[PDB]
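Undergrad: The structure's right below; bear with me while I get my questions together.
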DNA sequence: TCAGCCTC
DNA sequence: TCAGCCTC
Ligand code: NA
Ligand code: NA
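Residue numbers (the deposited numbering), protein chains in the order written: chain A, 385 to 456; chain A', 385 to 456. A prime marks a further copy of an entry chain.
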């Protein structure tokens, strides 16, 4: 119902696995759920990288799982 | 029992599919069966490319199938 | 995931 | 097969 936000963290060397070829993999996840999903560049000394999900309660929920399924 | 030969033909753009990364895929097939498997370069006007299996009756037989399974 | 794997 | 996919 209400439009909120979350931030997860995955290692910088799982970036390629879940982004996709010309970033086609991520585009799939975005349009499927309707979650505003954004992957960040790693800081000065950063093994992890932030993912910034942004939709309603439900829109965010699915994305949580879908972004552990191109790690397959 | 007796050591013989066969030649199959696949399109030149199925070469990559069955050869493998640094030709690791083909090396697998060779040692598995014991067949002397060799993939050829395409002639002046050649859509196909020859594969030159060379072992005993049995050694050759398996290779026949295994070289239609990296086309998967 | 799903594209491209070119070797003795 | 089985590696690497870097995008709104
Ligand atoms: Na799901
Ligand atoms: Na077999």
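Built from N, CA and C at the ideal position, the CB exists for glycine as well.
Here's the rule: buried if 16 or more other CB atoms are within 10 angstroms of the residue's CB, otherwise exposed. What is residue 388 of chain A'?
TA: The count along the second chain starts at 1 and reaches residue 388 of chain A' at position 4. Exposed, by the Cβ-count rule.
Undergrad: Report the residue ranges of all alpha helix (DSSP H) runs contained in full by the segment 385-435 of chain A; include only those spanning at least 4 residues, in chain order.
TA: Runs of the alpha helix (DSSP H) inside the segment 385-435 of chain A: 399-403, 408-417.
Undergrad: From the DSSP output, which residues share a beta bridge with residue 440 of chain A'?
TA: What you label residue 440 of chain A' is simply residue 56 of the second chain in a count that begins at 1. DSSP lists A':387 as partners of residue 440 of chain A'.
Undergrad: Return the chain-ordered list of same chain residues with a C-beta closer than 8 Å to the C-beta of residue 432 of chain A, the five sequence neighbours on each side being excluded.
TA: In the first chain, residue 432 of chain A corresponds to position 48, counting from 1. 393, 394, 395, 396, 426, listed in sequence order.
Undergrad: Please identify the residue among A:404, A:437, A:398, A:421 whose C-alpha is closest to the C-alpha of residue 430 of chain A.
TA: Locating residue 430 of chain A in the first chain gives position 46, counting from the first residue. Residue A:398 is the option with its Cα nearest to residue 430 of chain A.
Undergrad: Please determine if the segment 408-415 of chain A' and the segment 449-456 of chain A are in contact, where contact requires at least 3 C-beta pairs separated by less than 8 Å.
TA: Output reads no: the segment 449-456 of chain A does not touch the segment 408-415 of chain A'.
Undergrad: Taking the Cβ atom as the reference point for each residue, do residue 390 of chain A' and residue 444 of chain A' lie within a distance shorter than 8 Å?
TA: One-based indexing of the second chain puts residue 390 of chain A' at position 6. One-based indexing of the second chain puts residue 444 of chain A' at position 60. The answer is yes: Cβ separation under 8 Å.
Undergrad: Quick one: is the Cβ of residue 451 of chain A' within less than 7 Å of any heavy atom of ligand 4?
TA: With respect to small molecules bound, the structure shown includes ligand 1 and ligand 2 and not ligand 4.
Undergrad: Could you give the C-beta distance for residue 440 of chain A and residue 406 of chain A, rounded to a whole number, given that I count them as a contact under 8 Å?
TA: Here residue 440 of chain A refers to the residue found at position 56 when the first chain is read from its first residue. Here residue 406 of chain A refers to the residue found at position 22 when the first chain is read from its first residue. The Cβ separation is near 29 Å, so there is no contact.
Undergrad: Return the CA-CA distance between residue 401 of chain A' and residue 416 of chain A', expressed in angstroms with no decimal places.
TA: Stepping through the second chain from its first residue, residue 401 of chain A' is reached at position 17. Stepping through the second chain from its first residue, residue 416 of chain A' is reached at position 32. One C-alpha to the other measures close to 18 Å.
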